[PDB]
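Novice: Here you go, this is structure.cif (mmCIF, N, CA, C and O atoms).
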```cif
data_final
#
loop_
_atom_site.label_atom_id
_atom_site.label_comp_id
_atom_site.auth_asym_id
_atom_site.auth_seq_id
_atom_site.Cartn_x
_atom_site.Cartn_y
_atom_site.Cartn_z
N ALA C 1 6.89 -2.19 1.28
CA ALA C 1 8.19 -2.70 1.77
C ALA C 1 8.68 -1.93 3.00
O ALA C 1 8.93 -2.53 4.04
N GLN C 2 8.81 -0.61 2.87
CA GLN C 2 9.35 0.26 3.91
C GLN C 2 8.31 0.54 4.99
O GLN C 2 7.79 1.65 5.10
N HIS C 3 8.01 -0.49 5.79
CA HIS C 3 7.11 -0.45 6.93
C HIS C 3 7.41 -1.66 7.82
O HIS C 3 8.48 -2.25 7.70
N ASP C 4 6.48 -2.03 8.70
CA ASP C 4 6.56 -3.23 9.53
C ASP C 4 6.23 -4.48 8.70
O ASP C 4 5.33 -5.24 9.04
N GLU C 5 6.98 -4.69 7.61
CA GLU C 5 6.73 -5.77 6.66
C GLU C 5 6.90 -7.16 7.28
O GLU C 5 6.32 -8.12 6.78
N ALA C 6 7.68 -7.26 8.36
CA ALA C 6 7.84 -8.47 9.15
C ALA C 6 6.50 -9.05 9.60
O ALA C 6 6.37 -10.27 9.72
N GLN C 7 5.50 -8.19 9.86
CA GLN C 7 4.18 -8.62 10.28
C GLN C 7 3.45 -9.29 9.11
O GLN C 7 3.03 -10.44 9.23
N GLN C 8 3.31 -8.58 7.99
CA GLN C 8 2.62 -9.06 6.80
C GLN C 8 3.58 -9.78 5.84
O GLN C 8 3.44 -9.69 4.62
N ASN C 9 4.55 -10.53 6.39
CA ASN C 9 5.62 -11.16 5.63
C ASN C 9 5.10 -12.14 4.58
O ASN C 9 5.61 -12.14 3.47
N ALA C 10 4.10 -12.96 4.92
CA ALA C 10 3.55 -13.95 3.99
C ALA C 10 3.01 -13.26 2.74
O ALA C 10 3.37 -13.64 1.63
N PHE C 11 2.16 -12.25 2.93
CA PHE C 11 1.59 -11.45 1.86
C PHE C 11 2.70 -10.84 1.00
O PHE C 11 2.66 -10.94 -0.23
N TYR C 12 3.69 -10.21 1.65
CA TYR C 12 4.82 -9.59 0.99
C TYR C 12 5.59 -10.59 0.13
O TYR C 12 5.95 -10.28 -1.00
N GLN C 13 5.86 -11.78 0.66
CA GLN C 13 6.57 -12.83 -0.05
C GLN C 13 5.79 -13.25 -1.30
O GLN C 13 6.39 -13.34 -2.36
N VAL C 14 4.48 -13.48 -1.18
CA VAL C 14 3.64 -13.84 -2.33
C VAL C 14 3.71 -12.76 -3.42
O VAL C 14 3.81 -13.11 -4.60
N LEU C 15 3.68 -11.47 -3.05
CA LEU C 15 3.89 -10.39 -4.01
C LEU C 15 5.27 -10.51 -4.66
O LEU C 15 5.37 -10.48 -5.89
N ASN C 16 6.32 -10.64 -3.85
CA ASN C 16 7.71 -10.67 -4.29
C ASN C 16 8.09 -12.09 -4.73
O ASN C 16 8.96 -12.72 -4.12
N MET C 17 7.45 -12.57 -5.80
CA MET C 17 7.78 -13.81 -6.49
C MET C 17 7.80 -13.48 -7.99
O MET C 17 6.79 -13.03 -8.52
N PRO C 18 8.94 -13.69 -8.69
CA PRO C 18 9.14 -13.21 -10.05
C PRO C 18 8.30 -13.95 -11.09
O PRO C 18 7.89 -13.35 -12.08
N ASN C 19 8.06 -15.25 -10.89
CA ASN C 19 7.45 -16.11 -11.90
C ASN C 19 5.92 -16.10 -11.80
O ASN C 19 5.26 -16.48 -12.76
N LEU C 20 5.35 -15.67 -10.66
CA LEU C 20 3.91 -15.51 -10.54
C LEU C 20 3.45 -14.31 -11.35
O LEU C 20 4.08 -13.25 -11.31
N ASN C 21 2.33 -14.46 -12.07
CA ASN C 21 1.65 -13.35 -12.73
C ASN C 21 0.64 -12.73 -11.77
O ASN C 21 0.42 -13.24 -10.67
N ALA C 22 0.03 -11.61 -12.19
CA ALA C 22 -0.92 -10.85 -11.38
C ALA C 22 -2.06 -11.72 -10.86
O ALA C 22 -2.26 -11.80 -9.65
N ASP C 23 -2.79 -12.39 -11.76
CA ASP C 23 -3.92 -13.24 -11.41
C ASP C 23 -3.54 -14.25 -10.33
O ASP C 23 -4.27 -14.41 -9.35
N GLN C 24 -2.40 -14.93 -10.50
CA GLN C 24 -1.89 -15.91 -9.55
C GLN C 24 -1.62 -15.27 -8.18
O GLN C 24 -2.28 -15.63 -7.21
N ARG C 25 -0.67 -14.34 -8.10
CA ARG C 25 -0.25 -13.77 -6.82
C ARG C 25 -1.41 -13.11 -6.08
O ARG C 25 -1.59 -13.34 -4.88
N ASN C 26 -2.23 -12.32 -6.79
CA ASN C 26 -3.39 -11.65 -6.21
C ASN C 26 -4.43 -12.68 -5.75
O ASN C 26 -4.99 -12.54 -4.67
N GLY C 27 -4.68 -13.72 -6.56
CA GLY C 27 -5.60 -14.80 -6.21
C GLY C 27 -5.20 -15.47 -4.90
O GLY C 27 -6.03 -15.64 -4.01
N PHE C 28 -3.93 -15.86 -4.78
CA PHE C 28 -3.38 -16.48 -3.59
C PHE C 28 -3.48 -15.53 -2.39
O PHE C 28 -3.85 -15.96 -1.30
N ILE C 29 -3.17 -14.24 -2.57
CA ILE C 29 -3.31 -13.23 -1.52
C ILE C 29 -4.75 -13.17 -1.02
O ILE C 29 -4.97 -13.20 0.19
N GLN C 30 -5.74 -13.12 -1.93
CA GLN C 30 -7.15 -13.12 -1.56
C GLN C 30 -7.54 -14.40 -0.83
O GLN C 30 -8.34 -14.35 0.10
N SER C 31 -6.97 -15.55 -1.22
CA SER C 31 -7.17 -16.81 -0.52
C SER C 31 -6.63 -16.72 0.92
O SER C 31 -7.26 -17.23 1.84
N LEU C 32 -5.48 -16.08 1.10
CA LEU C 32 -4.86 -15.87 2.40
C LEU C 32 -5.75 -14.97 3.27
O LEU C 32 -6.04 -15.31 4.42
N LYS C 33 -6.22 -13.84 2.72
CA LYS C 33 -7.13 -12.93 3.39
C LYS C 33 -8.41 -13.66 3.81
O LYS C 33 -8.88 -13.49 4.94
N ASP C 34 -8.97 -14.47 2.90
CA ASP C 34 -10.17 -15.26 3.14
C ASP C 34 -9.96 -16.28 4.26
O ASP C 34 -10.86 -16.45 5.09
N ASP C 35 -8.80 -16.95 4.29
CA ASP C 35 -8.47 -17.98 5.27
C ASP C 35 -7.10 -17.68 5.91
O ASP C 35 -6.10 -18.24 5.48
N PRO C 36 -7.05 -16.80 6.93
CA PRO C 36 -5.83 -16.41 7.62
C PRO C 36 -5.01 -17.58 8.14
O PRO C 36 -3.78 -17.55 8.07
N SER C 37 -5.67 -18.62 8.68
CA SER C 37 -5.00 -19.76 9.29
C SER C 37 -4.08 -20.49 8.30
O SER C 37 -3.06 -21.05 8.72
N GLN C 38 -4.43 -20.48 7.01
CA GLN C 38 -3.66 -21.14 5.96
C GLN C 38 -2.60 -20.20 5.38
O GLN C 38 -2.36 -20.20 4.18
N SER C 39 -1.93 -19.41 6.24
CA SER C 39 -0.89 -18.49 5.82
C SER C 39 0.31 -19.27 5.27
O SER C 39 0.71 -19.06 4.13
N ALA C 40 0.88 -20.16 6.09
CA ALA C 40 2.02 -21.00 5.73
C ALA C 40 1.70 -21.88 4.52
O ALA C 40 2.55 -22.05 3.65
N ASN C 41 0.48 -22.43 4.47
CA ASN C 41 0.02 -23.27 3.38
C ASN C 41 0.02 -22.49 2.06
O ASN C 41 0.68 -22.90 1.11
N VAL C 42 -0.72 -21.37 2.01
CA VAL C 42 -0.82 -20.53 0.83
C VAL C 42 0.57 -20.05 0.39
O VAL C 42 0.87 -20.08 -0.80
N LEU C 43 1.41 -19.62 1.33
CA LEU C 43 2.78 -19.19 1.07
C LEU C 43 3.59 -20.31 0.41
O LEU C 43 4.26 -20.08 -0.59
N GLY C 44 3.52 -21.53 0.97
CA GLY C 44 4.20 -22.70 0.45
C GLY C 44 3.76 -23.01 -0.98
O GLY C 44 4.60 -23.20 -1.86
N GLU C 45 2.45 -23.06 -1.21
CA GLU C 45 1.87 -23.33 -2.52
C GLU C 45 2.20 -22.22 -3.52
O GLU C 45 2.39 -22.51 -4.70
N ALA C 46 2.29 -20.96 -3.07
CA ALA C 46 2.70 -19.85 -3.91
C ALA C 46 4.15 -20.02 -4.36
O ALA C 46 4.46 -19.84 -5.54
N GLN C 47 5.04 -20.38 -3.42
CA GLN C 47 6.44 -20.64 -3.72
C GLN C 47 6.59 -21.82 -4.67
O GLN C 47 7.43 -21.79 -5.56
N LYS C 48 5.77 -22.87 -4.50
CA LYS C 48 5.75 -24.03 -5.38
C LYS C 48 5.31 -23.62 -6.79
O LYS C 48 5.94 -24.01 -7.77
N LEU C 49 4.23 -22.84 -6.89
CA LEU C 49 3.69 -22.33 -8.15
C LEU C 49 4.72 -21.45 -8.87
O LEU C 49 4.86 -21.53 -10.09
N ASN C 50 5.46 -20.62 -8.12
CA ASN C 50 6.56 -19.82 -8.64
C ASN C 50 7.67 -20.73 -9.17
O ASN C 50 8.13 -20.54 -10.30
N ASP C 51 8.10 -21.70 -8.36
CA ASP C 51 9.18 -22.62 -8.67
C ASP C 51 8.90 -23.40 -9.96
O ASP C 51 9.77 -23.49 -10.82
N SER C 52 7.69 -23.96 -10.09
CA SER C 52 7.28 -24.69 -11.27
C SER C 52 7.32 -23.82 -12.53
O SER C 52 7.61 -24.33 -13.61
N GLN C 53 7.04 -22.52 -12.39
CA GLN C 53 7.07 -21.56 -13.49
C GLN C 53 8.45 -20.92 -13.67
O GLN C 53 8.57 -19.96 -14.43
N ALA C 54 9.50 -21.42 -13.00
CA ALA C 54 10.85 -20.92 -13.18
C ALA C 54 11.37 -21.30 -14.57
O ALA C 54 11.33 -22.48 -14.91
N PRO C 55 11.85 -20.34 -15.39
CA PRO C 55 12.45 -20.62 -16.69
C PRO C 55 13.58 -21.65 -16.63
O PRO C 55 13.59 -22.60 -17.41
N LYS C 56 14.53 -21.45 -15.71
CA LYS C 56 15.74 -22.26 -15.56
C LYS C 56 16.53 -22.29 -16.87
O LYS C 56 16.91 -21.19 -17.33
#
```
Any chance you could give the structure as structure tokens?
Specialist:
Amino acid sequence: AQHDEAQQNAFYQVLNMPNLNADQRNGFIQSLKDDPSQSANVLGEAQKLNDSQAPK
């Protein structure tokens, strides 16, 4: 967190999602690392995956 987090913002956001479990968030992060161009895509799908798993 306490660094130039603005650069690695997508990765940081995927970590900082309450409803994602380890396997999910880490899996998506590795997908992002594997395919840098799909940053916005992976981030969007991570937020969707989090949202669907919201207790409400």
Novice: Could you tell me which residues the PyMOL selection byres ((chain C and resi 20) around 8) grabs in this file, written as a ChimeraX atom specification?
Specialist: /C:14-19,21-26,46,49-51,53-54
Novice: How many Å lie between atom C of residue C:11 and atom CA of residue C:52, rounded to one decimal?
Specialist: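 Distance between the two atoms: 19.1 Å.
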Novice: Rounded to one decimal in Å, what is the spacing between atom CA of residue C:38 and atom O of residue C:55?
Specialist: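 These atoms are spaced 29.1 Å apart.
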Novice: With distances taken over all atoms listed in the file, which residue among C:42, C:12, C:7, C:48 lies nearest residue C:28?
Specialist: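 So, comparing all the options, the nearest one is C:42.
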Novice: Rounded to one decimal place, report the atom CA of residue C:43-atom C of residue C:9 distance in Å.
Specialist: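 For atom CA of residue C:43 relative to atom C of residue C:9, the distance reads 8.2 Å.
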Novice: First collect every listed atom of stretch 29-39 of chain C; then fit an axis-aligned box around them, widen it by 5 Å on each side, and give centre and edge lengths in Å to one decimal, as lines of an AutoDock Vina configuration file.
Specialist:
```
center_x = -5.1
center_y = -17.0
center_z = 3.4
size_x = 21.6
size_y = 18.2
size_z = 21.9
```
Novice: Taking into account only C-alpha atoms, which residue in the set C:29, C:8, C:56, C:1 is nearest to residue C:41?
Specialist: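 Of all the options, C:29 lies closest to residue C:41.
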Novice: List every residue of chain C that DSSP, applied to the backbone of this structure, places in helix (DSSP H, G or I), and write the result as a ChimeraX atom specification.
Specialist: /C:9-15,22-34,36-52
